[PDB]
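For reference, the structure discussed in these notes is given below.
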Amino acid sequence: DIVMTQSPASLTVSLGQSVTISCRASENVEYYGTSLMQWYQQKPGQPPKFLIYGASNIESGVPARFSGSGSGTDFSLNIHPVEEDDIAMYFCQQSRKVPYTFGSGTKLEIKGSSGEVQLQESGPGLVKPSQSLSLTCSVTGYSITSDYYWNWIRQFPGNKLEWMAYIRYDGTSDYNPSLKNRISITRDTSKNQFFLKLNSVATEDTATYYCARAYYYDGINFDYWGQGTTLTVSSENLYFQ
Amino acid sequence: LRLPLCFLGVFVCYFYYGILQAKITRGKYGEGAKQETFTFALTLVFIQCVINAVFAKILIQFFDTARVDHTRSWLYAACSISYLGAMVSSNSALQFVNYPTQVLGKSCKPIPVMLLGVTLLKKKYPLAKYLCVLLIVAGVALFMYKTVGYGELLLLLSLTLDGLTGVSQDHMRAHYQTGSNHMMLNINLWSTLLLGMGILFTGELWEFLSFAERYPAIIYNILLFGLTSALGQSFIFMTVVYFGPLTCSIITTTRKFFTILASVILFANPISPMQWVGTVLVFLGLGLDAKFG
Ligand SMILES: Nc1ncnc2c1ncn2[C@@H]1O[C@H](COP(=O)(O)OP(=O)(O)O)[C@@H](O)[C@H]1O
């Protein structure tokens, strides 16, 4: 699959400076003269927020500071008037191959130190290995039978994202090929929920699982995200938190 | 791995498709007062669209089953209306002008899109583009000359709708990554639905059946025409599968010249030499755009 590499892991910036973040894809993500690239901004302990799709197509409501650039395999994101709000992690995502992949993420730091959809994840917190698991994402304020993709994504410790799967409002579902034989995504329209079932979860599955609503345009854009549920797989019990 | 099979396939499918189209449209029917010319352009386009839809469904079922079509349904209808209208205008034009005029008009695809981009959207174009249209216009003007007749207006409408279909397809491909087979199947399905509605509403489906009853031999030719039309696109896609688009552009460019050449000289028209030079000049105009890509 396509591997995204973000050369600057950590950027030290002073307010007012212009910052550029680079992201290189293994394969040309150009498709019919259109770049299938997206950018997301993640604050500590928060779901990512969608910023840009393709090349410099700023999402409505995002400040004019952000601007995408580049084409082919190399892309960049520029924030000219950096401000306090922009201090976060930034992820570059490609939507050219059916496994959607995110970059390792670039973290910024400063020296000197009802008109929406409500997603709610739920599931067991601590689980023993080899047990089957089922997470439920309930949707309120919207009907999952309307035109929007509903995806399950996960984030491992270290802030590495991995798109698990998704289901469309038509019922069409697409899986990550690496996990097509370990997970299953289903939906229940009567209660307005969709479930992700994992078979024989191993220790490597410890992560934060998000359910997101996305719309396809110049790729796939995970515009809305849930709060996210933490899942810890271990052979021993944990308490107090 | 030699790849003459795809080139052959295309040149043997679309060539015979043109031959059957010429036979169906301009084919002499009856004698004396029985000159019932083929005025049922809707039914043949409907048959062609349904055949294309079924073949595209087969191709999808056999190739890239894992792909998921992201295009919105209403996008397909918007392109399909112009697609169907372009076919109806072009095929209807055969009722008034000879086959060479229609094929040359089909080769005039760049002018609508080029005109739109240059004058309507205010986008500058290279020198080569600004001269391709001039060469083609000179060639066609020489060819044409020896209110206006219906054939010319029908051809103009066909060109306009072809340009609209092209721009809509470009937009949907860019912003939805729609596959070749999926687009073919969906636009053919929408076109056949609309054509069925119209044809049954206008009633000439009954009249077309009466015409078939008078001349039963038509049905064997219309079916073959639709089959060749579908197979042409099927083999065009196969070229991409066997080898990347670099071959697709070459095959399209060479076809755009071979088809017109065959329909002009190989069809054995009663063309006067004063007119053939115009075809020669438009040839000198055609392809020259592909010289610069
Ligand atoms: N990668 C590509 N690069 C350039 N052109 C392409 C590419 N993929 C598809 N096309 C275009 O898509 C078109 C599909 O042809 P098609 O419409 O089936 O032929 P017809 O118009 O005879 O039915 C081709 O003419 C080809 O130029």
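Read-outs: derived from the displayed coordinates by stated rules, not from any lab. Here Cβ is always computed from backbone atoms with ideal geometry, including for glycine, and neighbour counts include all displayed protein chains.
Tell me which strands (runs of 3 or more DSSP E) are completely within the stretch A:156-227 and hold 1 or more residues being within 14 Å of chain B (Cβ to nearest Cβ) and of a type in the set (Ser, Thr, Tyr), or say none if there are none. Spell out the reasoning first.
Numbers: elements: A:160-167, A:173-175, A:183-188, A:193-198, A:207-216, A:220-225.
Per the criteria, A:160-167, A:173-175, A:207-216.
The combined condition, being in contact with a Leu (Cβ under 6 Å, 6 or more places away or on another chain) and within 16 Å of the ligand (Cβ to nearest atom), is not fulfilled by B:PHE235.
Of these, B:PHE38, B:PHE96, B:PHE63, B:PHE46, which one is more than 14 Å from chain A (Cβ to nearest Cβ), surrounded by fewer than 19 Cβ atoms within 10 Å (Cβ to Cβ), farther than 30 Å from A:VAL98 by Cβ and of a type in the set (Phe, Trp, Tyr)?
Working: B:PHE38 fails: surrounded by fewer than 19 Cβ atoms within 10 Å (Cβ to Cβ); B:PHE63 fails: farther than 30 Å from A:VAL98 by Cβ; B:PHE46 fails: surrounded by fewer than 19 Cβ atoms within 10 Å (Cβ to Cβ).
That would be B:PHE96, the only listed residue that is more than 14 Å from chain A (Cβ to nearest Cβ), surrounded by fewer than 19 Cβ atoms within 10 Å (Cβ to Cβ), farther than 30 Å from A:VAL98 by Cβ and of a type in the set (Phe, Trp, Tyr).
Taking only pairs six or more apart or across chains, which ones have beta-carbon atoms under 6 Å, a first residue in the stretch B:227-240 that is more than 10 Å from B:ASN52 (Cβ to Cβ), and a second residue that is near the ligand (Cβ under 8 Å from one of its atoms) and part of a helix (DSSP H, G or I)? Listed pairs, sorted by first residue: B:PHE237/B:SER180; B:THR239/B:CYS248; B:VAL240/B:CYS248. For the stretch A:17-31, indicate whether the set of residues that are within 14 Å of chain B (Cβ to nearest Cβ), under 21 Å from A:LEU161 (Cβ atoms) and touching a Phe, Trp or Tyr at 6+ places or on another chain (Cβ under 9 Å) is non-empty. Within the stretch A:17-31, one or more residues are within 14 Å of chain B (Cβ to nearest Cβ), under 21 Å from A:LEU161 (Cβ atoms) and touching a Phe, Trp or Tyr at 6+ places or on another chain (Cβ under 9 Å). Among the residues of the stretch B:225-280, those identified as under 22 Å from the mean Cα position of the chain (by Cα), farther than 28 Å from B:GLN61 by Cα, of a type in the set (A, V, I, L, M) and assigned to a helix (DSSP H, G or I) are B:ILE260, B:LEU261, B:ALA262, B:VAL264, B:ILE265, B:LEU266, B:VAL280.
For the stretch A:147-161, how many residues are closer than 15 Å to A:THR229 by Cα and touching a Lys or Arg at 6+ places or on another chain (Cβ under 6 Å)?
The initial filter retains those residues of the stretch A:147-161 that are closer than 15 Å to A:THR229 by Cα, namely A:151-157, A:159, A:161.
Keeping just the survivors that are touching a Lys or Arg at 6+ places or on another chain (Cβ under 6 Å) gives none.
So the count comes out to 0.
What about A:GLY61, is it within 14 Å of another protein chain (Cβ to nearest Cβ) and out of contact with any strand residue (DSSP E or B) (no Cβ under 7 Å at 6 or more places or on another chain)? Criteria not met by A:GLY61. B:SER249 satisfies every condition listed in (1) within 14 Å of another protein chain (Cβ to nearest Cβ); (2) away from the ligand (no atom under 16 Å from the Cβ) except (2).
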